[PDB]
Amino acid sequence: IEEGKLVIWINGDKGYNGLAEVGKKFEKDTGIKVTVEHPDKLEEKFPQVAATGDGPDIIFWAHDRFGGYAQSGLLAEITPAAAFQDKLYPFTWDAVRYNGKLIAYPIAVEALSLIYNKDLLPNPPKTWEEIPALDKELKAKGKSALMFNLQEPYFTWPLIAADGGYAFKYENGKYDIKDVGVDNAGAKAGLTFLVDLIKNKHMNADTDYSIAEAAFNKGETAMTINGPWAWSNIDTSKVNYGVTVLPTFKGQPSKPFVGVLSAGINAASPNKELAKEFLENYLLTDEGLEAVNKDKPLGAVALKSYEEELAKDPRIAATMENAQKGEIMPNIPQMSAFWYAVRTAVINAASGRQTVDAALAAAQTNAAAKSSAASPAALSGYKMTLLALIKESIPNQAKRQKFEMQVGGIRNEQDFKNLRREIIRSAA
C-alpha cells in the first residue's frame, strides 16, 4: 500500500463516480490523490489481499462483512471524536461496533422495498399470497407480476424470515453461532412459497439482478424487489414507479436484513490519518454525501444534517418502514458462512434439483460453527494470556486496541494459537 495517497474500494452497484468526485475535491484541496475502484467480488477479494498487508486503504461494504474482517486483523479501530460521533445517528454506530470497538464509519442504511409500476398496478398487493392470481391476469396481457434477483439470498431472506426464519439466535445482546434458524417451520414455509411460485410459472429460477432490472425498467413486469441504489436507472427508464412496504406472508411482515453501508480502514494502511481526513471531513458532509447520492441513491444516510432533507422523500420513508420491520444484520464473523449456506439452499431448491426441506436442512448445519469451542475456563485463560502478551510486547496503542478486539472473539485453542502468532509477528 503506497504511502501518501488513498485507494478506495466500493461495490459496482453504488455511486462510485460520485465518490470519485469527492476524491477529486480532496485532491484539489489537500494535494493528496484518491483512486476509487469497484473490483468484482470485492467482499471476497478484500480479505484475500489484506491478509498479506495489501489492498485498499478504505473498504466499503455493508456492515455485516466487517466483524469477520476485524476478527481476522484486517481493520484498524477508527478514532472519531465524540463531536464527530454526534453527527451520525446512534443506531448506525451500533452496526459498526465489534467487541466494543468502532471498526468502520457508517454511511447509509439500506433496506429492500417493493418497487412497483403504478401504470400496471396502481394498488400493489399487500400480501405475497395475492401474487399468483395477479400474475395470471398480467400474463394474459403479456406481462408478469414480479421479478427480482433469485441468485442472491439477500433478496429472498425477507420472505424466509417473515414467518419465523432467523440466522443466529440473539439473546442478551449475544449471537449463538450454534443456534441457526434457517430450517425451522417459518423458513420452510417462506422458501416453499417461493419455490411454488416457480413451479407454477409465476417466476423463473434463473432470474438474476440484470434480468429483473431490465424487465422492470422496460415495463415487462409490474413489481421488483430492490434497494435505493436501483432508483437511478428507474428514474431514466420512463416507468412511473412507486416504492412501498414489502408484502406480508401468512399475515406477517417481510423482514429484510438491513445493511449499513460502511467504510473501514485497512489495518495495514500507512495512510490512516489521510483516510480519517477524507471520511470525516469530505465524505460525511452534506456536499460529499450529495455527490454520491446524486450518482446512485444511498438510502437513509447516517449523517443527521443531510438525512433531515432526504427523509422527506416518500421513497426513503418506505425504505425506513421496511427497515423497521426487518433487522439490522449481525456483523459477526459467521455471517459469511450463513450467507453462503442460504445462497446454496435457495439456488438448489429453486432449480428443483433438491427439495426445500433437504436444502434448508443442509444449510442449517452449513451455516453453524464448524469448530468446537474451548471450555469457558480454558477460553478465559487463553484470552488473559493474549491480553498480557499484547500489553507486554506491542508499544503502539492503536495496534494494541486492534489485537485486544481480536482477543474478544477467539473461541478455541486453534484461534488462540493463530492470534498469538499474529501478535508475535507484529512489526514496529
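Numbering starts at 1 and follows the sequence shown.
Peer 1: Higher mean Cα B-factor in the deposited model: 135-143 or 79-87?
Peer 2: Stretch with the greater average CA B-factor: 135-143.
Peer 1: For the stretches 397-405 and 57-65, which has the higher mean C-alpha B-factor as given in the deposited record?
Peer 2: Higher of the two, by average CA B-factor, is 397-405.
Peer 1: If you check the C-alpha B-factor for each of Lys169, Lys188, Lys304, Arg315 in the entry, which is highest?
Peer 2: Max CA B-factor in the entry, restricted to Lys169, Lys188, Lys304, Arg315: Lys169.
Peer 1: So among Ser72, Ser113, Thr236, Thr285, who wins on Cα B-factor in the entry?
Peer 2: Comparing C-alpha B-factors across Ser72, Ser113, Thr236, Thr285, the top value belongs to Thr236.
Peer 1: Classify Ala205 as lowest, middle or highest third according to the C-alpha B-factor given in the PDB entry, relative to its own chain.
Peer 2: Top third by C-alpha B-factor.
Peer 1: Would you please rank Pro376 by its C-alpha temperature factor against the other modelled residues of its chain and give the third it falls in: lowest, middle or highest?
Peer 2: Within its chain, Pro376 is a middle-third residue by C-alpha B-factor, going by the deposited values.
Peer 1: Within this chain, which third does the Cα B-factor at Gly227 fall in: lowest, middle or highest?
Peer 2: Its C-alpha B-factor belongs to the lowest third of this chain's values.
Peer 1: Which third, lowest, middle or highest, does the C-alpha temperature factor of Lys383 belong to within its own chain?
Peer 2: Lowest third, going by the recorded CA B-factors of the chain.
Peer 1: Using only modelled residues of the chain, where does the Cα B factor of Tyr98 rank: lowest third, middle third or highest third?
Peer 2: Middle third by C-alpha B-factor.
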